[PDB]
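Trainee: See protein-v8.cif below, with mmCIF, N, CA and C atoms and all ligand atoms.
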```cif
data_structure
#
loop_
_atom_site.label_atom_id
_atom_site.label_comp_id
_atom_site.auth_asym_id
_atom_site.auth_seq_id
_atom_site.Cartn_x
_atom_site.Cartn_y
_atom_site.Cartn_z
N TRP V 50 88.16 10.21 -47.63
CA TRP V 50 88.94 11.30 -48.20
C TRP V 50 88.14 12.59 -48.27
N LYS V 51 86.82 12.49 -48.45
CA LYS V 51 85.95 13.63 -48.28
C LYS V 51 86.01 14.09 -46.82
N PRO V 52 85.78 15.38 -46.54
CA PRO V 52 85.85 15.84 -45.15
C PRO V 52 84.76 15.23 -44.28
N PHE V 53 84.81 13.90 -44.15
CA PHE V 53 83.92 13.16 -43.27
C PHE V 53 84.35 13.26 -41.81
N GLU V 54 85.65 13.46 -41.57
CA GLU V 54 86.14 13.54 -40.20
C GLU V 54 85.60 14.76 -39.47
N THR V 55 85.26 15.82 -40.20
CA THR V 55 84.72 17.02 -39.56
C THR V 55 83.38 16.73 -38.90
N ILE V 56 82.53 15.94 -39.56
CA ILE V 56 81.24 15.59 -38.98
C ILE V 56 81.43 14.76 -37.71
N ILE V 57 82.40 13.84 -37.73
CA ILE V 57 82.67 13.03 -36.54
C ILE V 57 83.20 13.89 -35.41
N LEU V 58 84.05 14.86 -35.73
CA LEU V 58 84.53 15.78 -34.70
C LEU V 58 83.38 16.59 -34.10
N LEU V 59 82.47 17.07 -34.96
CA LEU V 59 81.33 17.83 -34.46
C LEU V 59 80.42 16.97 -33.59
N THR V 60 80.20 15.71 -33.97
CA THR V 60 79.34 14.86 -33.15
C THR V 60 80.03 14.46 -31.85
N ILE V 61 81.36 14.36 -31.85
CA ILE V 61 82.09 14.15 -30.60
C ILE V 61 81.93 15.36 -29.69
N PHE V 62 82.03 16.56 -30.25
CA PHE V 62 81.80 17.77 -29.46
C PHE V 62 80.38 17.81 -28.92
N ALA V 63 79.40 17.39 -29.73
CA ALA V 63 78.02 17.35 -29.27
C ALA V 63 77.85 16.36 -28.12
N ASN V 64 78.49 15.19 -28.22
CA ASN V 64 78.43 14.22 -27.14
C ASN V 64 79.08 14.76 -25.87
N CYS V 65 80.20 15.47 -26.01
CA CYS V 65 80.84 16.08 -24.85
C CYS V 65 79.93 17.12 -24.20
N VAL V 66 79.26 17.93 -25.01
CA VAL V 66 78.33 18.92 -24.48
C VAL V 66 77.17 18.24 -23.76
N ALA V 67 76.65 17.15 -24.34
CA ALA V 67 75.57 16.41 -23.70
C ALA V 67 76.02 15.83 -22.37
N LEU V 68 77.27 15.36 -22.30
CA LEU V 68 77.81 14.89 -21.03
C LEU V 68 77.93 16.02 -20.02
N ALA V 69 78.30 17.22 -20.49
CA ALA V 69 78.48 18.35 -19.58
C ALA V 69 77.16 18.79 -18.96
N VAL V 70 76.08 18.81 -19.74
CA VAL V 70 74.80 19.33 -19.25
C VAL V 70 74.04 18.34 -18.39
N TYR V 71 74.52 17.11 -18.26
CA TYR V 71 73.89 16.13 -17.39
C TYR V 71 73.98 16.59 -15.94
N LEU V 72 72.87 16.48 -15.21
CA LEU V 72 72.82 16.91 -13.82
C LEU V 72 72.63 15.69 -12.92
N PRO V 73 73.67 15.24 -12.21
CA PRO V 73 73.50 14.09 -11.32
C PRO V 73 72.55 14.39 -10.18
N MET V 74 71.78 13.38 -9.79
CA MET V 74 70.77 13.51 -8.75
C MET V 74 70.95 12.41 -7.71
N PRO V 75 70.70 12.71 -6.44
CA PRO V 75 70.84 11.69 -5.40
C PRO V 75 69.71 10.68 -5.41
N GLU V 76 70.05 9.46 -5.01
CA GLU V 76 69.09 8.40 -4.72
C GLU V 76 68.14 8.14 -5.89
N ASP V 77 68.73 7.95 -7.08
CA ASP V 77 68.00 7.56 -8.28
C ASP V 77 66.86 8.52 -8.60
N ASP V 78 67.17 9.81 -8.59
CA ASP V 78 66.24 10.85 -9.03
C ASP V 78 66.64 11.34 -10.41
N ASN V 79 65.69 11.95 -11.10
CA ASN V 79 65.91 12.44 -12.46
C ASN V 79 65.05 13.67 -12.71
N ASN V 80 65.28 14.30 -13.85
CA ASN V 80 64.44 15.37 -14.36
C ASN V 80 64.19 15.13 -15.85
N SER V 81 63.49 16.06 -16.48
CA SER V 81 63.15 15.90 -17.89
C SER V 81 64.39 15.90 -18.77
N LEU V 82 65.35 16.77 -18.48
CA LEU V 82 66.54 16.88 -19.32
C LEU V 82 67.37 15.61 -19.27
N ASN V 83 67.53 15.01 -18.09
CA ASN V 83 68.31 13.79 -17.98
C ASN V 83 67.68 12.65 -18.77
N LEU V 84 66.35 12.54 -18.72
CA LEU V 84 65.66 11.55 -19.53
C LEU V 84 65.83 11.84 -21.02
N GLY V 85 65.80 13.12 -21.40
CA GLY V 85 66.01 13.47 -22.79
C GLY V 85 67.41 13.14 -23.27
N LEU V 86 68.42 13.35 -22.42
CA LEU V 86 69.79 13.04 -22.79
C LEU V 86 70.02 11.54 -22.91
N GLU V 87 69.33 10.75 -22.09
CA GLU V 87 69.48 9.30 -22.16
C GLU V 87 69.02 8.77 -23.51
N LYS V 88 67.91 9.30 -24.03
CA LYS V 88 67.46 8.91 -25.37
C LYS V 88 68.44 9.40 -26.43
N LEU V 89 68.95 10.62 -26.28
CA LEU V 89 69.93 11.15 -27.23
C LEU V 89 71.22 10.35 -27.23
N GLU V 90 71.51 9.64 -26.13
CA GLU V 90 72.74 8.85 -26.07
C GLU V 90 72.76 7.76 -27.13
N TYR V 91 71.59 7.23 -27.50
CA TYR V 91 71.54 6.21 -28.53
C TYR V 91 71.90 6.77 -29.90
N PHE V 92 71.57 8.04 -30.16
CA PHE V 92 71.89 8.64 -31.45
C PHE V 92 73.40 8.70 -31.67
N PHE V 93 74.16 9.08 -30.64
CA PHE V 93 75.61 9.07 -30.75
C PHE V 93 76.14 7.65 -30.91
N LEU V 94 75.57 6.70 -30.18
CA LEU V 94 76.03 5.31 -30.26
C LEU V 94 75.85 4.75 -31.66
N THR V 95 74.70 5.02 -32.29
CA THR V 95 74.46 4.52 -33.64
C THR V 95 75.46 5.13 -34.63
N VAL V 96 75.71 6.43 -34.52
CA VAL V 96 76.65 7.09 -35.43
C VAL V 96 78.05 6.50 -35.26
N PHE V 97 78.49 6.36 -34.01
CA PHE V 97 79.82 5.81 -33.76
C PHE V 97 79.93 4.37 -34.26
N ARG O 242 52.86 31.12 19.17
CA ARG O 242 52.73 29.67 19.23
C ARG O 242 51.90 29.19 20.41
N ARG O 243 51.39 30.10 21.23
CA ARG O 243 50.62 29.70 22.39
C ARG O 243 49.24 29.20 21.98
N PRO O 244 48.69 28.23 22.71
CA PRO O 244 47.37 27.69 22.32
C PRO O 244 46.27 28.73 22.28
N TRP O 245 46.27 29.69 23.21
CA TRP O 245 45.22 30.69 23.21
C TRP O 245 45.34 31.63 22.01
N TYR O 246 46.57 32.02 21.66
CA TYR O 246 46.78 32.85 20.49
C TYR O 246 46.35 32.13 19.22
N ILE O 247 46.72 30.86 19.09
CA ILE O 247 46.36 30.10 17.89
C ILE O 247 44.85 29.93 17.81
N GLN O 248 44.20 29.68 18.95
CA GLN O 248 42.75 29.54 18.96
C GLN O 248 42.07 30.84 18.55
N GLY O 249 42.53 31.97 19.07
CA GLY O 249 41.91 33.24 18.76
C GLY O 249 42.35 33.89 17.47
N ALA O 250 43.33 33.32 16.78
CA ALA O 250 43.87 33.92 15.57
C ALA O 250 43.23 33.40 14.29
N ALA O 251 42.60 32.23 14.32
CA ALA O 251 42.03 31.65 13.11
C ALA O 251 40.96 30.64 13.51
N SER O 252 40.39 29.98 12.51
CA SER O 252 39.35 28.98 12.67
C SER O 252 39.94 27.58 12.63
N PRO O 253 39.19 26.56 13.05
CA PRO O 253 39.70 25.19 12.97
C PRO O 253 40.04 24.79 11.55
N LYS O 254 40.99 23.87 11.42
CA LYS O 254 41.58 23.53 10.14
C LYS O 254 41.41 22.05 9.83
N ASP O 255 41.34 21.74 8.54
CA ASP O 255 41.45 20.37 8.03
C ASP O 255 42.74 20.32 7.23
N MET O 256 43.85 20.10 7.93
CA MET O 256 45.17 20.21 7.34
C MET O 256 45.65 18.85 6.84
N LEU O 257 46.29 18.85 5.67
CA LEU O 257 46.93 17.65 5.14
C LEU O 257 48.36 18.02 4.78
N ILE O 258 49.32 17.52 5.55
CA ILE O 258 50.73 17.79 5.29
C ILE O 258 51.22 16.82 4.23
N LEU O 259 51.73 17.36 3.13
CA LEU O 259 52.25 16.58 2.02
C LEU O 259 53.77 16.71 2.01
N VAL O 260 54.47 15.59 2.09
CA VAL O 260 55.92 15.57 2.25
C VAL O 260 56.54 14.92 1.03
N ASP O 261 57.55 15.57 0.46
CA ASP O 261 58.28 15.04 -0.68
C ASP O 261 59.42 14.17 -0.18
N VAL O 262 59.46 12.92 -0.62
CA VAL O 262 60.48 11.98 -0.18
C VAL O 262 61.20 11.39 -1.38
N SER O 263 61.28 12.16 -2.46
CA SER O 263 62.04 11.74 -3.62
C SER O 263 63.54 11.84 -3.32
N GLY O 264 64.35 11.37 -4.27
CA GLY O 264 65.78 11.27 -4.03
C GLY O 264 66.46 12.61 -3.80
N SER O 265 65.98 13.66 -4.46
CA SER O 265 66.65 14.96 -4.40
C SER O 265 66.60 15.59 -3.02
N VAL O 266 65.68 15.16 -2.15
CA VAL O 266 65.55 15.77 -0.83
C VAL O 266 66.43 15.04 0.17
N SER O 267 67.30 14.16 -0.32
CA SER O 267 68.20 13.43 0.56
C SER O 267 69.27 14.37 1.11
N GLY O 268 69.55 14.24 2.40
CA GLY O 268 70.57 15.04 3.04
C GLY O 268 70.06 16.00 4.09
N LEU O 269 70.55 17.24 4.05
CA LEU O 269 70.16 18.23 5.05
C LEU O 269 68.69 18.58 4.94
N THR O 270 68.18 18.70 3.72
CA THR O 270 66.81 19.15 3.52
C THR O 270 65.79 18.15 4.05
N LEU O 271 66.10 16.85 4.05
CA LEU O 271 65.18 15.88 4.63
C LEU O 271 65.07 16.04 6.14
N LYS O 272 66.20 16.22 6.81
CA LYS O 272 66.18 16.45 8.25
C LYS O 272 65.46 17.75 8.59
N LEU O 273 65.70 18.79 7.80
CA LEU O 273 64.99 20.05 8.01
C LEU O 273 63.50 19.88 7.80
N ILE O 274 63.11 19.09 6.80
CA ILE O 274 61.69 18.83 6.54
C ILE O 274 61.06 18.10 7.71
N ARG O 275 61.75 17.11 8.27
CA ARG O 275 61.21 16.39 9.42
C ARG O 275 61.01 17.32 10.61
N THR O 276 62.01 18.15 10.90
CA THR O 276 61.88 19.09 12.01
C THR O 276 60.75 20.08 11.77
N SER O 277 60.61 20.56 10.53
CA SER O 277 59.55 21.51 10.20
C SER O 277 58.17 20.88 10.33
N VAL O 278 58.03 19.62 9.91
CA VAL O 278 56.75 18.93 10.03
C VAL O 278 56.38 18.76 11.50
N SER O 279 57.36 18.38 12.33
CA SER O 279 57.08 18.28 13.76
C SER O 279 56.67 19.63 14.35
N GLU O 280 57.37 20.70 13.96
CA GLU O 280 57.05 22.02 14.49
C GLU O 280 55.65 22.48 14.07
N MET O 281 55.27 22.22 12.81
CA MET O 281 53.93 22.61 12.38
C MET O 281 52.86 21.74 13.04
N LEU O 282 53.14 20.46 13.25
CA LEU O 282 52.22 19.63 14.01
C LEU O 282 52.02 20.18 15.42
N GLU O 283 53.06 20.78 15.99
CA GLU O 283 52.92 21.38 17.31
C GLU O 283 52.01 22.60 17.33
N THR O 284 51.62 23.14 16.18
CA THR O 284 50.74 24.30 16.11
C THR O 284 49.26 23.94 16.03
N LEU O 285 48.92 22.66 16.08
CA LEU O 285 47.54 22.21 15.94
C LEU O 285 46.94 21.89 17.31
N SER O 286 45.62 21.99 17.39
CA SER O 286 44.87 21.75 18.61
C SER O 286 43.87 20.61 18.39
N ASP O 287 43.02 20.39 19.39
CA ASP O 287 42.04 19.31 19.34
C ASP O 287 40.86 19.61 18.42
N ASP O 288 40.69 20.86 17.99
CA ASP O 288 39.63 21.21 17.06
C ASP O 288 40.07 21.11 15.61
N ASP O 289 41.34 20.82 15.35
CA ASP O 289 41.86 20.68 14.00
C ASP O 289 42.05 19.21 13.67
N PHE O 290 41.94 18.88 12.39
CA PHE O 290 42.11 17.52 11.91
C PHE O 290 43.25 17.48 10.90
N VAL O 291 44.14 16.51 11.05
CA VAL O 291 45.38 16.48 10.30
C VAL O 291 45.69 15.05 9.85
N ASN O 292 46.42 14.95 8.74
CA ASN O 292 47.00 13.70 8.27
C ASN O 292 48.24 14.04 7.46
N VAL O 293 49.24 13.17 7.53
CA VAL O 293 50.52 13.38 6.86
C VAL O 293 50.68 12.32 5.77
N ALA O 294 50.99 12.76 4.56
CA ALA O 294 51.21 11.88 3.43
C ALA O 294 52.55 12.20 2.79
N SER O 295 53.13 11.19 2.13
CA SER O 295 54.41 11.34 1.45
C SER O 295 54.29 10.78 0.04
N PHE O 296 55.06 11.36 -0.89
CA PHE O 296 55.01 10.95 -2.28
C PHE O 296 56.40 10.94 -2.88
N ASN O 297 56.73 9.84 -3.56
CA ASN O 297 57.93 9.74 -4.40
C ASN O 297 57.61 8.76 -5.54
N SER O 298 57.11 9.31 -6.65
CA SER O 298 56.54 8.58 -7.78
C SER O 298 55.28 7.82 -7.38
N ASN O 299 54.89 7.85 -6.10
CA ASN O 299 53.71 7.18 -5.59
C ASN O 299 53.37 7.77 -4.22
N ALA O 300 52.10 8.07 -3.98
CA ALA O 300 51.69 8.74 -2.76
C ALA O 300 51.10 7.73 -1.77
N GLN O 301 51.45 7.89 -0.50
CA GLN O 301 50.98 6.99 0.54
C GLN O 301 51.01 7.72 1.88
N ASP O 302 50.28 7.16 2.84
CA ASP O 302 50.31 7.67 4.20
C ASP O 302 51.60 7.27 4.90
N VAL O 303 51.99 8.06 5.90
CA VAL O 303 53.21 7.78 6.65
C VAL O 303 52.97 6.96 7.90
N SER O 304 51.71 6.75 8.29
CA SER O 304 51.39 6.03 9.52
C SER O 304 50.20 5.12 9.26
N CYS O 305 49.62 4.59 10.33
CA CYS O 305 48.49 3.67 10.26
C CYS O 305 47.15 4.37 10.41
N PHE O 306 47.04 5.62 9.95
CA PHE O 306 45.83 6.41 10.12
C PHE O 306 44.92 6.33 8.90
N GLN O 307 45.44 6.65 7.71
CA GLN O 307 44.78 6.56 6.42
C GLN O 307 43.68 7.60 6.22
N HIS O 308 43.43 8.48 7.18
CA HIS O 308 42.50 9.59 7.00
C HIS O 308 42.77 10.62 8.09
N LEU O 309 42.01 11.71 8.06
CA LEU O 309 42.19 12.77 9.04
C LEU O 309 41.83 12.29 10.44
N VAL O 310 42.59 12.76 11.43
CA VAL O 310 42.40 12.38 12.82
C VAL O 310 42.32 13.65 13.66
N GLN O 311 41.85 13.49 14.90
CA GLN O 311 41.48 14.64 15.72
C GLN O 311 42.68 15.52 16.09
N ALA O 312 43.90 15.03 15.89
CA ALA O 312 45.11 15.81 16.19
C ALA O 312 45.17 16.19 17.67
N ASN O 313 44.95 15.20 18.53
CA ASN O 313 45.18 15.36 19.95
C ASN O 313 46.62 14.93 20.26
N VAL O 314 46.94 14.78 21.55
CA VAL O 314 48.32 14.50 21.95
C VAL O 314 48.78 13.16 21.39
N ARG O 315 47.94 12.13 21.50
CA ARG O 315 48.33 10.79 21.09
C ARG O 315 48.49 10.69 19.58
N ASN O 316 47.52 11.23 18.83
CA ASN O 316 47.60 11.18 17.37
C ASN O 316 48.78 11.99 16.86
N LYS O 317 49.04 13.15 17.45
CA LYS O 317 50.19 13.95 17.05
C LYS O 317 51.49 13.24 17.37
N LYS O 318 51.55 12.54 18.51
CA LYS O 318 52.74 11.76 18.82
C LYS O 318 52.96 10.66 17.79
N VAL O 319 51.89 9.97 17.39
CA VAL O 319 52.01 8.93 16.38
C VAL O 319 52.50 9.52 15.06
N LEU O 320 51.93 10.66 14.66
CA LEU O 320 52.32 11.28 13.41
C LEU O 320 53.78 11.73 13.44
N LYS O 321 54.23 12.28 14.57
CA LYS O 321 55.63 12.69 14.69
C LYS O 321 56.56 11.49 14.62
N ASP O 322 56.21 10.40 15.30
CA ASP O 322 57.04 9.20 15.26
C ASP O 322 57.12 8.63 13.86
N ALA O 323 55.99 8.64 13.13
CA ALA O 323 56.00 8.16 11.76
C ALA O 323 56.81 9.08 10.85
N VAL O 324 56.72 10.39 11.06
CA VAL O 324 57.43 11.35 10.22
C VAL O 324 58.93 11.23 10.41
N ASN O 325 59.38 11.07 11.66
CA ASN O 325 60.82 10.94 11.87
C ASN O 325 61.28 9.52 11.60
N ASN O 326 60.84 8.96 10.47
CA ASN O 326 61.36 7.69 9.99
C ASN O 326 61.45 7.63 8.47
N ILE O 327 61.15 8.71 7.75
CA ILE O 327 61.07 8.66 6.30
C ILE O 327 62.47 8.70 5.69
N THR O 328 62.59 8.13 4.49
CA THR O 328 63.84 8.13 3.74
C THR O 328 63.58 8.68 2.34
N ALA O 329 64.61 9.28 1.76
CA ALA O 329 64.53 9.90 0.45
C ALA O 329 64.97 8.90 -0.61
N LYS O 330 64.07 8.57 -1.53
CA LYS O 330 64.35 7.57 -2.56
C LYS O 330 63.32 7.65 -3.68
N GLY O 331 63.78 7.79 -4.92
CA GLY O 331 62.87 7.75 -6.05
C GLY O 331 62.81 9.02 -6.87
N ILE O 332 61.73 9.19 -7.63
CA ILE O 332 61.54 10.32 -8.53
C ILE O 332 60.28 11.07 -8.12
N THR O 333 60.36 12.40 -8.11
CA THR O 333 59.23 13.22 -7.70
C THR O 333 58.08 13.10 -8.68
N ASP O 334 56.86 13.14 -8.15
CA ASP O 334 55.64 13.15 -8.96
C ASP O 334 54.60 13.97 -8.20
N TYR O 335 54.44 15.23 -8.60
CA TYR O 335 53.54 16.13 -7.89
C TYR O 335 52.08 15.81 -8.17
N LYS O 336 51.77 15.31 -9.37
CA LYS O 336 50.39 15.03 -9.73
C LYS O 336 49.79 13.97 -8.83
N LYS O 337 50.51 12.86 -8.62
CA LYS O 337 50.00 11.79 -7.78
C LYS O 337 49.84 12.24 -6.33
CA CA V 401 63.08 15.60 -6.66
#
```
Could you spell out this file's structure in C-alpha cells?

Mentor:
Amino acid sequence: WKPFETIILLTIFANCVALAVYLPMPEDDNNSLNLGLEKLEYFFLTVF
Amino acid sequence: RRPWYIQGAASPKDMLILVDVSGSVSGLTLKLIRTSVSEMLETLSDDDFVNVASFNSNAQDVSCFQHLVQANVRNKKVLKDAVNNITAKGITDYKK
C-alpha cells in the first residue's frame, strides 16, 4: 500500500536502459561495459 | 614499391607483424587485414627479418617459424599462406 510500486517501476526502467546500452559483438567478443552489465544483471534478478 | 626504391629509402628492418584475430574483426575487416598483411610482406627484401603473430586473448605464431626469418621468397610465401588462413574468434588482449 506504500508507494512500493514506484521503486519497482524505476528498477524496470533501469533494467530496460541496461538492456539498451548492451553492445552485441561477433564471435564471442566483449568489452568492459558488457562485462559490467552482466554483473549488474544479478542485481535486478535479486530485486525481482 | 620497387626493390631499388625500398632499398635506397631506408635501412634493413626487424619487423614483427601483429595481427588481431579477436571476434570483432570478423567479416570485411579480417579479409582486408589479410590482404594488407600480404601487401606489406611484399615490401620486404632479403636484408629484412620478419615474423607474423596473432593474438585473441592469447598470442601465438601463425606458422611453423617461431622467430624472425630472413624474409626471402620461400619464407614470405610460407608467411602469406599461413596468414590467409586465420579466423576471428575470442576476446582482444593487447597486453599479451
Ligand atoms: Ca575486439

Trainee: Write down as a ChimeraX atom specification the residues belonging to chain O that are assigned strand (DSSP E) by DSSP computed on the backbone.

Mentor: /O:255-261,290-296,300-302

Trainee: Near residue V:71, counting all atoms listed in the file, which residues have an atom at most 8 Å away, once you skip same-chain residues fewer than 6 positions from it, shown as a ChimeraX atom specification?

Mentor: /V:82-83,86

Trainee: Filtering to N, CA and C atoms, could you give me those residues as a PDB file, in the coordinates of the input?

Mentor:
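Saved the output as selection13.pdb:
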```
ATOM      1  N   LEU V  82      65.350  16.770 -18.480  1.00  0.00           N
ATOM      2  CA  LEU V  82      66.540  16.880 -19.320  1.00  0.00           C
ATOM      3  C   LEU V  82      67.370  15.610 -19.270  1.00  0.00           C
ATOM      4  N   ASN V  83      67.530  15.010 -18.090  1.00  0.00           N
ATOM      5  CA  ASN V  83      68.310  13.790 -17.980  1.00  0.00           C
ATOM      6  C   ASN V  83      67.680  12.650 -18.770  1.00  0.00           C
ATOM      7  N   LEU V  86      68.420  13.350 -22.420  1.00  0.00           N
ATOM      8  CA  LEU V  86      69.790  13.040 -22.790  1.00  0.00           C
ATOM      9  C   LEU V  86      70.020  11.540 -22.910  1.00  0.00           C
TER      10      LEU V  86
END
```

Trainee: Check every residue of chain V for an atom within 5 Å of chain O, counting all atoms listed in the file, and provide those that qualify as a ChimeraX atom specification.

Mentor: /V:75-78

Trainee: Which one is closest to residue O:261: O:299, O:286, O:276, O:292? Count only C-alpha atoms.

Mentor: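 Distance minimum relative to residue O:261 lands on O:299.
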
Trainee: Between atom CA of residue O:272 and atom CA of residue V:73, what is the distance in Å, rounded to a tenth?

Mentor: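 So the answer is 21.0 Å.
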
Trainee: List every residue of chain V that DSSP, applied to the backbone of this structure, assigns to alpha helix (DSSP H), and report them as a PDB file with N, CA and C atoms, in the coordinates of the input.

Mentor:
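Just written: part00.pdb:
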```
ATOM      1  N   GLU V  54      85.650  13.460 -41.570  1.00  0.00           N
ATOM      2  CA  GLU V  54      86.140  13.540 -40.200  1.00  0.00           C
ATOM      3  C   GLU V  54      85.600  14.760 -39.470  1.00  0.00           C
ATOM      4  N   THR V  55      85.260  15.820 -40.200  1.00  0.00           N
ATOM      5  CA  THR V  55      84.720  17.020 -39.560  1.00  0.00           C
ATOM      6  C   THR V  55      83.380  16.730 -38.900  1.00  0.00           C
ATOM      7  N   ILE V  56      82.530  15.940 -39.560  1.00  0.00           N
ATOM      8  CA  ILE V  56      81.240  15.590 -38.980  1.00  0.00           C
ATOM      9  C   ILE V  56      81.430  14.760 -37.710  1.00  0.00           C
ATOM     10  N   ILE V  57      82.400  13.840 -37.730  1.00  0.00           N
ATOM     11  CA  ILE V  57      82.670  13.030 -36.540  1.00  0.00           C
ATOM     12  C   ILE V  57      83.200  13.890 -35.410  1.00  0.00           C
ATOM     13  N   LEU V  58      84.050  14.860 -35.730  1.00  0.00           N
ATOM     14  CA  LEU V  58      84.530  15.780 -34.700  1.00  0.00           C
ATOM     15  C   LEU V  58      83.380  16.590 -34.100  1.00  0.00           C
ATOM     16  N   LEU V  59      82.470  17.070 -34.960  1.00  0.00           N
ATOM     17  CA  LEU V  59      81.330  17.830 -34.460  1.00  0.00           C
ATOM     18  C   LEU V  59      80.420  16.970 -33.590  1.00  0.00           C
ATOM     19  N   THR V  60      80.200  15.710 -33.970  1.00  0.00           N
ATOM     20  CA  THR V  60      79.340  14.860 -33.150  1.00  0.00           C
ATOM     21  C   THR V  60      80.030  14.460 -31.850  1.00  0.00           C
ATOM     22  N   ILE V  61      81.360  14.360 -31.850  1.00  0.00           N
ATOM     23  CA  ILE V  61      82.090  14.150 -30.600  1.00  0.00           C
ATOM     24  C   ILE V  61      81.930  15.360 -29.690  1.00  0.00           C
ATOM     25  N   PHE V  62      82.030  16.560 -30.250  1.00  0.00           N
ATOM     26  CA  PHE V  62      81.800  17.770 -29.460  1.00  0.00           C
ATOM     27  C   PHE V  62      80.380  17.810 -28.920  1.00  0.00           C
ATOM     28  N   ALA V  63      79.400  17.390 -29.730  1.00  0.00           N
ATOM     29  CA  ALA V  63      78.020  17.350 -29.270  1.00  0.00           C
ATOM     30  C   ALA V  63      77.850  16.360 -28.120  1.00  0.00           C
ATOM     31  N   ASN V  64      78.490  15.190 -28.220  1.00  0.00           N
ATOM     32  CA  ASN V  64      78.430  14.220 -27.140  1.00  0.00           C
ATOM     33  C   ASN V  64      79.080  14.760 -25.870  1.00  0.00           C
ATOM     34  N   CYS V  65      80.200  15.470 -26.010  1.00  0.00           N
ATOM     35  CA  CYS V  65      80.840  16.080 -24.850  1.00  0.00           C
ATOM     36  C   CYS V  65      79.930  17.120 -24.200  1.00  0.00           C
ATOM     37  N   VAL V  66      79.260  17.930 -25.010  1.00  0.00           N
ATOM     38  CA  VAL V  66      78.330  18.920 -24.480  1.00  0.00           C
ATOM     39  C   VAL V  66      77.170  18.240 -23.760  1.00  0.00           C
ATOM     40  N   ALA V  67      76.650  17.150 -24.340  1.00  0.00           N
ATOM     41  CA  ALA V  67      75.570  16.410 -23.700  1.00  0.00           C
ATOM     42  C   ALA V  67      76.020  15.830 -22.370  1.00  0.00           C
ATOM     43  N   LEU V  68      77.270  15.360 -22.300  1.00  0.00           N
ATOM     44  CA  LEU V  68      77.810  14.890 -21.030  1.00  0.00           C
ATOM     45  C   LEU V  68      77.930  16.020 -20.020  1.00  0.00           C
ATOM     46  N   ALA V  69      78.300  17.220 -20.490  1.00  0.00           N
ATOM     47  CA  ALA V  69      78.480  18.350 -19.580  1.00  0.00           C
ATOM     48  C   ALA V  69      77.160  18.790 -18.960  1.00  0.00           C
ATOM     49  N   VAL V  70      76.080  18.810 -19.740  1.00  0.00           N
ATOM     50  CA  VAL V  70      74.800  19.330 -19.250  1.00  0.00           C
ATOM     51  C   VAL V  70      74.040  18.340 -18.390  1.00  0.00           C
ATOM     52  N   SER V  81      63.490  16.060 -16.480  1.00  0.00           N
ATOM     53  CA  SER V  81      63.150  15.900 -17.890  1.00  0.00           C
ATOM     54  C   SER V  81      64.390  15.900 -18.770  1.00  0.00           C
ATOM     55  N   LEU V  82      65.350  16.770 -18.480  1.00  0.00           N
ATOM     56  CA  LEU V  82      66.540  16.880 -19.320  1.00  0.00           C
ATOM     57  C   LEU V  82      67.370  15.610 -19.270  1.00  0.00           C
ATOM     58  N   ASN V  83      67.530  15.010 -18.090  1.00  0.00           N
ATOM     59  CA  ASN V  83      68.310  13.790 -17.980  1.00  0.00           C
ATOM     60  C   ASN V  83      67.680  12.650 -18.770  1.00  0.00           C
ATOM     61  N   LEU V  84      66.350  12.540 -18.720  1.00  0.00           N
ATOM     62  CA  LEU V  84      65.660  11.550 -19.530  1.00  0.00           C
ATOM     63  C   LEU V  84      65.830  11.840 -21.020  1.00  0.00           C
ATOM     64  N   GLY V  85      65.800  13.120 -21.400  1.00  0.00           N
ATOM     65  CA  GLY V  85      66.010  13.470 -22.790  1.00  0.00           C
ATOM     66  C   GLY V  85      67.410  13.140 -23.270  1.00  0.00           C
ATOM     67  N   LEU V  86      68.420  13.350 -22.420  1.00  0.00           N
ATOM     68  CA  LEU V  86      69.790  13.040 -22.790  1.00  0.00           C
ATOM     69  C   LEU V  86      70.020  11.540 -22.910  1.00  0.00           C
ATOM     70  N   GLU V  87      69.330  10.750 -22.090  1.00  0.00           N
ATOM     71  CA  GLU V  87      69.480   9.300 -22.160  1.00  0.00           C
ATOM     72  C   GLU V  87      69.020   8.770 -23.510  1.00  0.00           C
ATOM     73  N   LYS V  88      67.910   9.300 -24.030  1.00  0.00           N
ATOM     74  CA  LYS V  88      67.460   8.910 -25.370  1.00  0.00           C
ATOM     75  C   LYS V  88      68.440   9.400 -26.430  1.00  0.00           C
ATOM     76  N   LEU V  89      68.950  10.620 -26.280  1.00  0.00           N
ATOM     77  CA  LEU V  89      69.930  11.150 -27.230  1.00  0.00           C
ATOM     78  C   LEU V  89      71.220  10.350 -27.230  1.00  0.00           C
ATOM     79  N   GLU V  90      71.510   9.640 -26.130  1.00  0.00           N
ATOM     80  CA  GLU V  90      72.740   8.850 -26.070  1.00  0.00           C
ATOM     81  C   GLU V  90      72.760   7.760 -27.130  1.00  0.00           C
ATOM     82  N   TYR V  91      71.590   7.230 -27.500  1.00  0.00           N
ATOM     83  CA  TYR V  91      71.540   6.210 -28.530  1.00  0.00           C
ATOM     84  C   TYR V  91      71.900   6.770 -29.900  1.00  0.00           C
ATOM     85  N   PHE V  92      71.570   8.040 -30.160  1.00  0.00           N
ATOM     86  CA  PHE V  92      71.890   8.640 -31.450  1.00  0.00           C
ATOM     87  C   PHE V  92      73.400   8.700 -31.670  1.00  0.00           C
ATOM     88  N   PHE V  93      74.160   9.080 -30.640  1.00  0.00           N
ATOM     89  CA  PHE V  93      75.610   9.070 -30.750  1.00  0.00           C
ATOM     90  C   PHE V  93      76.140   7.650 -30.910  1.00  0.00           C
ATOM     91  N   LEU V  94      75.570   6.700 -30.180  1.00  0.00           N
ATOM     92  CA  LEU V  94      76.030   5.310 -30.260  1.00  0.00           C
ATOM     93  C   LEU V  94      75.850   4.750 -31.660  1.00  0.00           C
ATOM     94  N   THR V  95      74.700   5.020 -32.290  1.00  0.00           N
ATOM     95  CA  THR V  95      74.460   4.520 -33.640  1.00  0.00           C
ATOM     96  C   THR V  95      75.460   5.130 -34.630  1.00  0.00           C
ATOM     97  N   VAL V  96      75.710   6.430 -34.520  1.00  0.00           N
ATOM     98  CA  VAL V  96      76.650   7.090 -35.430  1.00  0.00           C
ATOM     99  C   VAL V  96      78.050   6.500 -35.260  1.00  0.00           C
TER     100      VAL V  96
END
```

Trainee: Fewer than 4 positions away in the same chain doesn't count, so skip those; otherwise give me all residues within 9 Å of residue O:326, counting only C-alpha atoms, as a ChimeraX atom specification.

Mentor: /O:275,303,321-322
